[PDB]
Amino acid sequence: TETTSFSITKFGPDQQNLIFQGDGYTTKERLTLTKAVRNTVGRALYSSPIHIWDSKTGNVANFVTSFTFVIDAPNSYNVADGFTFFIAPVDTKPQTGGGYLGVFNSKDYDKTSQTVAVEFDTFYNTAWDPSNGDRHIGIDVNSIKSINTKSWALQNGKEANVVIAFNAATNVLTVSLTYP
């Protein structure tokens, strides 16, 4: 059996167990992924690779992760692009910025991306998003085109708590986000 588990309640300046990419770094004891400045991209990864399945046995793994985050726009009308929790190959590197959230490259399903991602998306990019033009949560596997969505009303500047879990027996991935 193998487990890996970790918690970081407070983010120090030198958070050496995180790999940072783009302008992501830690500050005011938060992990700042972007600041309110156009066109940027920030990702941060946990330094250990995680064994999520195994080819000699066929067993797959369950996982749970929870985190609290804030989105900080100036008005609830001028906000983009969103934020992501994602599982990807050991060696992932930033991908297209903007509406693709630095995690995917085409809306076209790409078997070589092999990254699934949970997005908390704030800007409507007409080519691949729910037609009602709402902000939303969604599950993405290999495309920025979510396989499934649920409308979400961003509370700008409010911390939100989210848990995401996955159970290998039923292959179900569950996403909870709740503004307190």
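Position 1 is the first residue in the sequence shown; the rest follow in order.
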{"query": "Segment of higher mean CA temperature factor, 79-87 or 104-112", "finding": "104-112"}
{"query": "Greater mean Cα temperature factor according to the PDB record, 88-96 or 68-76", "finding": "68-76"}
{"query": "Residue with highest C-alpha B-factor in the PDB entry, from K35, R43, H51, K28", "finding": "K28"}
{"query": "Highest recorded Cα temperature factor - choice among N156, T9, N171, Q15", "finding": "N156"}
{"query": "Position of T1 among the chain's modelled residues by C-alpha B-factor, lowest, middle or highest third", "finding": "middle"}
{"query": "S146 - Cα temperature factor, lowest/middle/highest third of chain", "finding": "middle"}
{"query": "Among modelled residues of the same chain, the CA temperature factor third for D121", "finding": "middle"}
{"query": "Lowest, middle or highest third - CA B-factor, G58", "finding": "middle"}
